[PDB]
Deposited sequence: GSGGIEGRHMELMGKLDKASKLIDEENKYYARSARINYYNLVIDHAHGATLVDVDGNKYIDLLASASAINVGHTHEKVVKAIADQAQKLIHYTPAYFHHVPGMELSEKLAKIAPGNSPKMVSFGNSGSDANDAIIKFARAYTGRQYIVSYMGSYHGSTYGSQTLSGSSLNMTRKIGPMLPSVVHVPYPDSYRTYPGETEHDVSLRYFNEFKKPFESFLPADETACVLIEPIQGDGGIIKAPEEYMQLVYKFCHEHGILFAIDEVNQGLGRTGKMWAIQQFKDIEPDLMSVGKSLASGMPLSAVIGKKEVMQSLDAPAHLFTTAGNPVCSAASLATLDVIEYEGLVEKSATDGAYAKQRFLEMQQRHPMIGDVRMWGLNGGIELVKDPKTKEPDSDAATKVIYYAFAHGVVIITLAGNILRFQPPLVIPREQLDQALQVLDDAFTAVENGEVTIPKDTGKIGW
């Protein structure tokens, strides 16, 4: 069934470095539309990954395809780093405006979420005149040297490549699942905030910290959301010490959580700096750092620019992509379908006790599998068999951190397919319970 796919992968493994791919299964995609992937052997699948939340508006949206094709006929590329073009001008202004909050904003383009997160460091340091950056354990911010240092989701992002960027301090992110007996959401918030302050009470001067960077919901961490009160404490801590408050919206923005921006899951928080990428241009490489105007004015050329950033085709694909999110009401749909999928997985959890935790905000969720509900011991083996059963039954899903099923379908996903995919996962759970699935390095 995967004869061609397997032959092409075996060839690719001779020429394409293994560090450039987290492998799960032999899926070679030929074409796709909406939430449907078709492989080179003719197998069809429903996509519950959306190329890691880059395909929020669905694969090959008619509108995005046309913008791409039309723009490519006029100009494939002229660098905004030297000169200008219209899609770029129009996009940079539109992004300045749809970013959360009311303060005047400016924008700088990149190619990837990585480089936008490097930008956040640059802009925070330059505006504050301070050097230290605080970021979170469990985070993923990119694979360039700045954003990679801020990250804490894989040891292979640190092994053999150091020394890393200096003056970076990692603090732990609130885990509302593996908690101490009898802890409320209040306790968790306060205990993690207390851990947050320890470096500041010892070796890290708050008056020399340029900024704090946070995923309002951690993606690669395992779809973990900060509690409301935790986040308001951090936010407040930052404004009281003149530390910029920065958000990474690259994974969780553009409607993934059922609001436009995942920071809007929290009350009245306007970031000083934010990174955007992934779904921005429907998987075409474009990113943006968007900060308050006075922060963005603290650097002079050429501190931060890329030859191919704000590519006019990418830009056109992005304008059409933002229009699909508005015109098809994808933010609201994500909230709705997400509430629905939440209820469906909680019901499955009544019948499959390998499901320890159901986290979901919009059509973005982490379904954490454990060996026993009270030890909460991770059971990656179970998760791997679930995704293997899924793949063999027309559903593409992967894991985070070994034992968490990752749920991030295109937001356009028809209800019919959503229900088919959910039924396969229910079936998978039963199969794995029954010993009916068996199995190099898989996943994180």
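**Q** Relative to the deposited sequence numbered from 1, which residue ranges are unmodelled?
**A** Deposited residues absent from the model fall in 1-14, 454-457.
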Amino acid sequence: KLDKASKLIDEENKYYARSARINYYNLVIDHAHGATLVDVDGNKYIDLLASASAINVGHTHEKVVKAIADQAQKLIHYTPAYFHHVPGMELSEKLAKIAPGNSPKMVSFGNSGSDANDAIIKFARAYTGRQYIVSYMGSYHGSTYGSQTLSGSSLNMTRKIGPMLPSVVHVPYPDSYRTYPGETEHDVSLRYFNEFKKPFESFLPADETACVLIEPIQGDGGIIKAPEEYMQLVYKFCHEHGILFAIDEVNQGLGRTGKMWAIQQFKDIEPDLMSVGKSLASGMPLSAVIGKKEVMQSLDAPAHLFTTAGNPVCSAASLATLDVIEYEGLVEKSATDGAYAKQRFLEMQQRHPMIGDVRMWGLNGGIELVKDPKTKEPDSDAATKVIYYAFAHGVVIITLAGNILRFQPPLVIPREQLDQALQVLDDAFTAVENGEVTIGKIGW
From here on, numbers count along this sequence of modelled residues.
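Whichever C-alpha set is largest while still superposing within 1.5 Å between the two forms counts as the rigid core.
**Q** Quick one: with the core lined up, is it 398-406 or 27-35 that wanders further in 5 other deposited structures of this protein, going by C-alpha RMS?
**A** With the rigid core superposed, the C-alphas that lie farther in 5 other deposited structures of this protein are those of 27-35.
**Q** Could you check whether 83-91 or 180-188 drifts more from the shown form in 5 other deposited structures of this protein, using RMS Cα distance once the core is superposed?
**A** Looking at 180-188 and 83-91 in 5 other deposited structures of this protein, the bigger mover is 83-91.
**Q** If you look at the other compared entries where the surrounding residues are built, does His304 lack coordinates in a third or more?
**A** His304: unmodelled in at least a third of the other compared entries.
**Q** I need to verify one thing: averaged over C-alpha atoms only, is the B-factor higher for 203-211 or for 177-185?
**A** Higher mean C-alpha B-factor in the PDB entry: 177-185.
**Q** With respect to the recorded C-alpha B factors, which stretch has the higher mean value, 372-380 or 66-74?
**A** Per the PDB record, 372-380.
**Q** From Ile223, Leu150, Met284, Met348, which pick has the Cα B-factor that tops the rest in the entry?
**A** In this record, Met348 carries the highest C-alpha B-factor of the candidates.
**Q** Relative to the other modelled residues of the same chain, rank the CA B-factor of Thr399 and answer lowest, middle or highest third.
**A** According to the entry, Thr399 has a C-alpha B-factor in the chain's middle third.
**Q** How does the C-alpha B factor of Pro409 compare with the rest of the chain: lowest, middle or highest third?
**A** As the PDB entry reports it, the C-alpha B-factor of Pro409 lands in the middle third of its chain.
**Q** Consider only the C-alpha atoms of the modelled residues in this chain, order them by B-factor as the entry records it, and name the third containing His170: lowest, middle or highest.
**A** CA B-factor rank for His170: lowest third.
**Q** Could you say whether, by C-alpha temperature factor, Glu228 belongs to the lowest, middle or highest third of its chain?
**A** Middle third - that is where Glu228 ends up once the chain's C-alpha B-factors are sorted.
**Q** Lowest, middle or highest third: where is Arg415 by Cα B-factor in its chain?
**A** As the PDB entry reports it, the C-alpha B-factor of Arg415 lands in the highest third of its chain.
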